[PDB]
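# Would you be able to build a 3D model of this:
(10 chains, ligands or ions: 1)
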Amino acid sequence: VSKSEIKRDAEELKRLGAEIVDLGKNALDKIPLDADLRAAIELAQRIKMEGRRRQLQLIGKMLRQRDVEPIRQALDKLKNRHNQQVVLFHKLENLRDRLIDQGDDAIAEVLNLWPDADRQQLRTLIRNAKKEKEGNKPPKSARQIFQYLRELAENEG
Amino acid sequence: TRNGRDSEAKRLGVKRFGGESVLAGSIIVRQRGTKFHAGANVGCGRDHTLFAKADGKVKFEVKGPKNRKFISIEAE
Amino acid sequence: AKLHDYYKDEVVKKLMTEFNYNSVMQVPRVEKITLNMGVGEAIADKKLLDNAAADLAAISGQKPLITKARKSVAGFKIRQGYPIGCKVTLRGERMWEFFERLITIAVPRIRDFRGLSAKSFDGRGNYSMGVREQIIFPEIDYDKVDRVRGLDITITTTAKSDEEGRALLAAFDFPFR
Amino acid sequence: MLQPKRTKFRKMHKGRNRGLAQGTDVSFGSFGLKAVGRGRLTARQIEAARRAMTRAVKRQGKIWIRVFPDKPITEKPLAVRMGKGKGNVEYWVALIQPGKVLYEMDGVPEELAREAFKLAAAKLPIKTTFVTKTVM
Amino acid sequence: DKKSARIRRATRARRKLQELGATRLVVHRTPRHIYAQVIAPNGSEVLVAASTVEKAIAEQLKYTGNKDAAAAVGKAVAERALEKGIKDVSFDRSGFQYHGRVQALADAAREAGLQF
Amino acid sequence: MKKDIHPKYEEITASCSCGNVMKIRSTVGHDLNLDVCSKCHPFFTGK
Amino acid sequence: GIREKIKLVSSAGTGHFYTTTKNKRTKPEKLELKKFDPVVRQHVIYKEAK
RNA sequence: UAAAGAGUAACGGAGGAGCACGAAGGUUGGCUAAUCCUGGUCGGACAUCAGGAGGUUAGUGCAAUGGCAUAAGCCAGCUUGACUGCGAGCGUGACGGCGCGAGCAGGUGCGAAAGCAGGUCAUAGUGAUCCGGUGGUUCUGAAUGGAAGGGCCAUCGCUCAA
RNA sequence: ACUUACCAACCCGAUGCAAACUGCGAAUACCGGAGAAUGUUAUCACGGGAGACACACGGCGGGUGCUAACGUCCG
RNA sequence: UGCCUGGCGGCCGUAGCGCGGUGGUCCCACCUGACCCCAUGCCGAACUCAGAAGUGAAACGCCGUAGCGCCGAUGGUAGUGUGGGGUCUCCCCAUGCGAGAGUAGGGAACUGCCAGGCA
Ligand SMILES: [Zn+2]
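Numbers count the residues shown, from 1 in each chain, chains lettered A, B, ... in the order given. Find the structure here:
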């Protein structure tokens, strides 16, 4: 509706692209980014400062022509700034004590709602979780419980 | 309504009038449509820019059953 | 071509004794037969048009043609180039062969028939019908029909007046109105 | 008041009042009023002149109108400098060139025509004259 | 119309050959006998013309208009065009599809030694 | 006429119950059973 | 924007390639197009249209 | 607006573009609509039409304009000339740039051939240089041989949108 | 099927207007050629040096404005 | 070389449209016989064939018809270059160029080459 209205909208997308290049390689693969865009990211930091502007012009160019919300939404989870991400972790730890203290009454909800949960391994993990807590041993396996639930949270496959 | 803007009107129109000699390959008239049709020894450009194909003097003729203005050149 | 012979031996001499035509071939002759078909809703089901073409392929001796939309209209959800109906043109010996099937068996089998129309004329001398329940024809089987359909048959004639069709169909023996 | 319901463009250039007349002679009635001066007629003036003469002529006869507004004009609102687009919609006017007929009359004697046209001539901002239809 | 349809479709070649400024060989079909003419590049005059109507060739054929007889009129017009010195013509479709009795018309001229 | 694109053209012998035997260019099949015909039809009596 | 720029590489062993644009969304199939190649002085097929 | 070469401004009036098309390009062949009359079934103010005054008021991927019957409008087969190196000459701008471009060498597609094809009927669909990726070039390679690096060519590299 | 102090599509004859309409269409301007006469080559190419890139008014044809302006912007 | 017909052109309505008459030995257009040579997103109206039995119905050519379309004066008028003037939003004067529309009138074509048929 206004040429300058598009301008600030496009410029806002430009600084978003400048945030992707300023993000580490290990966390770069987390976002569902296409290979064509991904390949342009690695060349962006290794190019000289003036070429970064051209690369920033590149990154903005084919990022506007496609959908942006899933990329922005996925980036928000990694930054842990989207509201649904932090509450998801709240319920993820809310089912820990619901499961680590009983071990039988909490598995029903997980299997009924999530069909990719390996109940063969989950029961054994709770067996170790009960053993370490009862024997007042350091929680060397409690961390792995959260990783498995977190991994299955976003379709581990 | 946010008006006040116009394009740069490029240089068209009858530009090589009849009775003058031109060298081969020189344009005669730059036109949008086929206001003037190519005639004897005259070629039509991609954008209907009539260009000469041989040396001579340009003459203007109105030929055809539809009274269409044709552009032709004769060897001098 | 038994009607073509019937046209040659009796029809031609009858008309010169009636309208005293100067030229023997000046008398108008049949040119072609038009069978026009239209489904209830083309966009609803394309198989209906395909079945309609199959029915027209059964009634005629040749495969019919599919017609495209003449012009798209935005208010009636019709797009340009979209197949909207089916048709077939018959030429050569096909006029005389198809004409006998119409008047000998097809028209007499029409339910509640009291006479074909005697007013549907364009003003020049070409005579047009639109008939319902094409199932009267024996080629179209009554068990394979999916719905009740119709057919539009028109005659093509070089006649210059509507009154001249009166005489021509009289020679072709249309019963009455 | 008189105005076309639909216009091709919401506003039109100012234009000029140069040139000669076209409708020198009346071709519908026997008597008519012809403009002698040069100026402009608005919708109000046309309505006022027609109303003023209508009260003087009985329904017997016939009345013709030869002037239409056909020309839009706008006015600039208060406390606005030069620019900010063109003016706002206030009213329209018509172009008048001296020599063409304004109103045409028929059906009642000349004496009533003189009285009727005299009453409507004053409310017109231009000097007019009376003419009689001739052969051909 | 029957005649206007072929006239309007053949002027595309007529303008093209006129622009090229080269002689053209034009033929029009008739359901009984076929003509054949050769036109100068100017178009205001002919150079050689030979048809099958002349009785010289109208006695050595079965039917006037046919493929078998088309190779005779085509050869005859080409034979008498050799001494003219033109040595070259340009064929025109003349609004008729290039197949049928028109095949032998051009083939006979090509076989006689005309470069087109 | 183009082959392999049009339906069959087999000769058939049709006959109405009245007794009018005629050969009709049609594609009904092995035989064509009819009940009425152009003749012997009560059209000129009903009107 | 929606269009994706693509490169057409000669099916021969040479590395000479041509540049062009095709909409992958509507035409995801690889192109079967042959164009002149100056290095081999002939006409060669071009493939791998992204 | 713009005053009959070109060009000509304003907070002058109306608008559009940052694409798309591997077909919607080329060749060859073929064809010609809006609107209305009569007749015709579900069918109505289009369904597709049979007969008619109209040869384009229809259409021309999109805003407008100018053109388009030899149709540039419509359909089908083959198709890549939307090719490589060029390109005398002309026009437009102060210039960078941009556009037209006959014709030459090679290899092609169409049709029998004459010939056409260096993109789309045309006019907006775009970005010069510096510096980055790829391939080629033994072009060069700070002692010799390499290598690194640099150069040249094509190429994707801007909301450089001030 | 009848009727009405209501309205009216379309066509016909006449009458106008239109920068964004032209079945028509000037005077001038512009381009080129030929020629007698005149004009300190006043014409063009290149090189050196500049200045300037804030114009106002009047007439003519216009845009805006009320043809309101010692009004603005145009040739 | 005289008349008629056909093809390719000159010019593009004084070149056409409409009405009436005329033409079939010859030159043209419908109409017949239809294994094939040419190929379809659909038949031999309309384009490709091997045939002259009929007809000049439609079309085409020719002649007349001024109903329409069209061309078009002379004068007049609007406009305008140059210079001057006025009561200067617009006009006049001297001179030059001269509209559009309308009227009288014209107009039912002319011409080049070649081929065929009748004298
Ligand atoms: Zn019976």
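
# Following the chain onward from the longest helix seen in chain C, which element is next?
When chain C is parsed with DSSP state H, its longest helix is helix C:46-59. Once the chain leaves helix C:46-59, the next helix or strand it forms, by DSSP states H and E, is strand C:65-68.

# and that next one with RNA strand H, contact?
Yes - counting by CB under 7 Å from any atom of the strand, RNA strand H has neighbours in strand C:65-68: C:67-68. Backbone N, C-alpha and C define where each C-beta goes, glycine included.

# is RNA strand J contacted by the next helix or strand after that strand?
For strand C:65-68, the following helix or strand on the C-terminal side (DSSP H and E) is strand C:83-90. Yes - under the criterion of CB under 7 Å from any atom of the strand, RNA strand J is reached by strand C:83-90 at C:83, C:88-90.

# which one of the residues you listed has the most neighbours?
residue C:88 (20 neighbours; other CB atoms under 10 Å in any protein chain shown).

# does the most centrally placed residue in chain G count as helix, strand or coil?
The centre of chain G sits closest to residue G:8, judged by CA atoms, centre = their mean, with a distance of 2.1 Å. Using DSSP: H, G, I helix; E, B strand; the rest coil, the structure places residue G:8 in strand.

# give me every residue that touches residue B:64.
Counting by CB atoms under 8 Å, 6 or more residues apart in numbering or on different chains, residue B:64 makes contact with B:37, B:70.

# same check, this time on residue E:89
Counted by CB under 8 Å, 6+ apart, residue E:89 has contacts E:23-25, E:38, E:81, E:109, E:114, E:116.

# Now do the same contact list for the residue nearest to the centre of chain G.
By CB under 8 Å, 6+ apart, the neighbours of residue G:8 are G:17-20, G:31, G:33, G:35, G:46-49.

# Out of these, which sit inside strands?
Among these, the members found in strands (DSSP state E) are G:17-20, G:33, G:35, G:46-47.

# who wins for most neighbours among these?
Ranking the ones in strands among the contacts of residue G:8 using other CB under 10 Å puts residue G:46 first, with 22 neighbours.

# my guess is that residue meets residue G:22, correct?
No - taking contacts as CB atoms under 8 Å, residue G:46 lies outside contact range of residue G:22: 11.9 Å.

# residues near residue A:120, how many?
Count around residue A:120 with other CB under 10 Å applied: 7.

# Shouldn't it be within a helix?
Yes - assigned with three-state DSSP, residue A:120 falls within a helix.

# Enumerate the beta-bridge partners assigned to the spatially most central residue of chain C.
Residue closest to the average C-alpha location in chain C (CA atoms, centre = their mean): residue C:153, at 2.0 Å. For residue C:153, the beta-bridge partners are residue C:35 (DSSP bridges).

# Relative to RNA strand H, how far out is residue C:158?
Distance, residue C:158 to RNA strand H, using CB to the nearest atom of the strand, to the nearest Å: 9 Å.

# who touches that residue in this structure?
By CB under 8 Å, 6+ apart, residue C:158 lies in contact with C:28-29, C:31, C:125.

# ok, the nearest residue in space to residue C:103 that is not next to it in sequence - how many residues close by?
Computed as CB to CB, 6 or more residues apart in numbering or on different chains, the closest residue to residue C:103 that is not its neighbour in sequence is residue F:38, at 6.0 Å. Counted with other CB under 10 Å, the neighbours of residue F:38 add up to 17.

# same question, residue E:29
18.

# Stretch D:66-83 near RNA strand I at all?
Yes - applying CB under 7 Å from any atom of the strand, one finds stretch D:66-83 touching RNA strand I at D:66, D:68, D:70-71, D:73-76, D:82.

# Need the contacts of residue C:158 in CSV (columns: neighbour count, distance to residue C:142 and secondary structure).
Listed next are the contacts of residue C:158 as CSV, based on neighbours: other CB atoms under 10 Å in any protein chain shown; distance: CB to CB, whole Å; DSSP: H, G, I helix; E, B strand; the rest coil:
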residue, neighbour count, distance to residue C:142, secondary structure
C:28, 19, 37, coil
C:29, 15, 36, coil
C:31, 13, 33, strand
C:125, 20, 36, coil
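
# May I see these organised as TSV, with distance to the ion added?
Converted to TSV, these look like this (distance: CB to the ion, whole Å):
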residue	distance to the ion
C:28	30
C:29	29
C:31	30
C:125	31
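
# between those residues, which is closest to RNA strand I?
residue C:125 (28.0 Å; CB to the nearest atom of the strand).

# so the closest one makes contact with residue C:160?
Yes - using CB under 8 Å, residue C:125 is in contact with residue C:160, at 6.2 Å.

# where do the contact lists of residue G:46 and residue G:22 overlap?
Counting by CB under 8 Å, 6+ apart, the residues touching both residue G:46 and residue G:22 are residue G:31.

# coming back round to it: what's near enough to touch the residue nearest to the centre of chain C?
With CB under 8 Å, 6+ apart, residue C:153 has these contacts: C:33-36, C:102, C:128-129, C:131.

# I'd like these as CSV, with neighbour count appended.
Shown next, in CSV, are those (neighbours: other CB atoms under 10 Å in any protein chain shown):
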residue, neighbour count
C:33, 21
C:34, 16
C:35, 19
C:36, 17
C:102, 19
C:128, 14
C:129, 14
C:131, 16
